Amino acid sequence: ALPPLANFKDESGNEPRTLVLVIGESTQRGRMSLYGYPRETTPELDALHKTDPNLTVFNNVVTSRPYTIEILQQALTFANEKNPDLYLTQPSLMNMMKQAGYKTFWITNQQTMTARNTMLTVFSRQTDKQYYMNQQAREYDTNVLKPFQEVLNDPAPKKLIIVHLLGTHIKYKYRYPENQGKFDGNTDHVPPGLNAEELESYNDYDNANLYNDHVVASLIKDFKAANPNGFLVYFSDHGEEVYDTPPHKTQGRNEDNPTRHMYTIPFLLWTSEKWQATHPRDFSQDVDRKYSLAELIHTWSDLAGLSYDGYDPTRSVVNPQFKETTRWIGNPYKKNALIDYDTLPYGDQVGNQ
């Protein structure tokens, strides 16, 4: 029902390309060894970072809201904390890529009620072809690897592939096979004072991070094995507090009682050799920029070579004209409830910038 973006231009040429957006779940920045966590929770992404110069790791990205649909309404559209309802009145990222001539795919391991009018169902139905892998629980994110390959074989020249993961969502223990609890019973690098149940839950979160590392690295590796022209962005919708913040008694997500560990997220960009060769771009000076996921669509637009009325290059984290803005958090529907993420305590801790 919404009109197209005006003065729409694509400067990325007309060669075939495949672009991938991997939406993780409940994965914070501070429990991944890729971001300095002393437990080896992400060995495959670490090794990829050491050996592949085209993996760009962004160190200062946070989400704006710690609830899945509430953040995805901002991340996937032009809505943000100051204007949270723009997802109703302006196009989404998927709409935008359709206007650019891409065939769009939605692969997901999240339980989607296709017969019901949920906001996630609407988003996933905005694409040309959907793969719902979790329609009924022990369903692991490796479920997406087979349809991913299938979509990679799809002959459309320009393709957008969205992969929606369960990531490290509660309950953490169910995100990974029972025989892959690498950190079960381990007390190294654990905060003090946990009881048996809290300790088990903490280690379960690190195990889920290990499996999620395997899944994201597998998506990158399979994509690379297709020798594609394109790139893949991986982000988590939001983080998750798991006894990280002193006094180490809190587990979960609470927007009215925010901690940094609920808001820090991984943010990775893998660029294929063909795309980097054809679209040379240096990101090495962008990796520490303070950025909010709420403006993702501009970054995506920048990476895809798209401009239009409403495009804001200064809010793309890879743009030479990038200008840092306040990273708002807080409920945008309450009266004057927005606060600066930087005001939260414990920002000096590892992975908690």
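Counting begins at 1, following the sequence as shown.
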query: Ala137 preceded by how many uncoordinated deposited residues after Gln136; finding: 4 to 9
query: Mean C-alpha B-factor comparison - 206 to 214 and 115 to 123, higher one; finding: 115 to 123
query: Entry-level comparison of average CA B-factors, 231 to 239 and 175 to 183, reporting the higher stretch; finding: 175 to 183
query: Member of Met262, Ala226, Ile71, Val163 with the greatest C-alpha B factor (per the PDB record); finding: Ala226
query: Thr63, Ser301, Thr56, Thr325, ranked by C-alpha B-factor: the highest one; finding: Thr325
query: For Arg289, the third of its chain into which the C-alpha B factor falls; finding: middle
query: Lowest, middle or highest third - CA B-factor, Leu194; finding: highest
query: Ranked C-alpha temperature factor of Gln276 among modelled chain residues, by third; finding: middle
query: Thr27, C-alpha B-factor rank within chain (lowest, middle or highest third); finding: lowest
query: Third assignment of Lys159 from its chain's C-alpha B-factors; finding: lowest
